[PDB]
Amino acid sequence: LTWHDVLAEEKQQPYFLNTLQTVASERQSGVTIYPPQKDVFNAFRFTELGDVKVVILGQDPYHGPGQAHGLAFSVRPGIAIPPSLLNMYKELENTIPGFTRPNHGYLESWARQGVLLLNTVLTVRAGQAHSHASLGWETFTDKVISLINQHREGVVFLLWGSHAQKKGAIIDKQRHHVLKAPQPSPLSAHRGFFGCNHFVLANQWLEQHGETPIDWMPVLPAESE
């Protein structure tokens, strides 16, 4: 069972197709949209439905050049680590044995391990946070989370902030493991994100069920000859 298996019908709904035409229109209208269209669904690309082990919801993609590449909280190599990801790294440094501050903010390696880095809104106009929040994306990501709840077993959900928490309220807390905390953004990180211990708790859960834990130290694609 793949994403395309469970979302094919959803992706033919007017609201959904319509969301994409509005983006494609905006891209040619004189404004820059992040991430590039080939990246918008990268969380799906890197983490197939059956490979989901951990779900980390973000809200809005980063809205600056070079930042957003289709994975919640991640930025491309060579880009400065944004404050929300820095705070994630801080919690990680304080809780995961051996963890040290990465020299990059690129989290593809998380995704390849089964961490679905899913923003609830998948596009944004450059420099304009939540600018596509009423496009239709939230309906789409509602359906995504619902499918995961239904079709998977024992996924760990890390729900950071009221929006993600609301979004994840439908999740079966008996079939899945839901962990709550404030967002890692600067405005709220020190209000409960620090000390939430979510990365360790995630791994303990996975280990309790015979799943291998996440290696949270993110790794840059290597150089070849």
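Position 1 is the first residue in the sequence shown; the rest follow in order.
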Comparing 116-124 with 147-155, which stretch shows the greater average C-alpha B-factor in the deposited entry? 147-155
Higher average CA B factor in the deposited record is what I'm after, so tell me if that's 82-90 or 129-137. 129-137
Take the CA temperature factors straight from the PDB entry and tell me which of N197, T47, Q59, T32 peaks. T47
C-alpha B factor of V54, ranked within the chain: lowest, middle or highest third? middle
For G161, the third of its chain into which the C-alpha B factor falls: middle
Please rank the C-alpha B-factors of the chain's modelled residues and tell me whether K38 sits in the lowest, middle or highest third. highest
Grab the CA temperature factor for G98 from the record and place it in the lowest, middle or highest third of its chain. lowest
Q204: CA B-factor among chain residues, third -> lowest
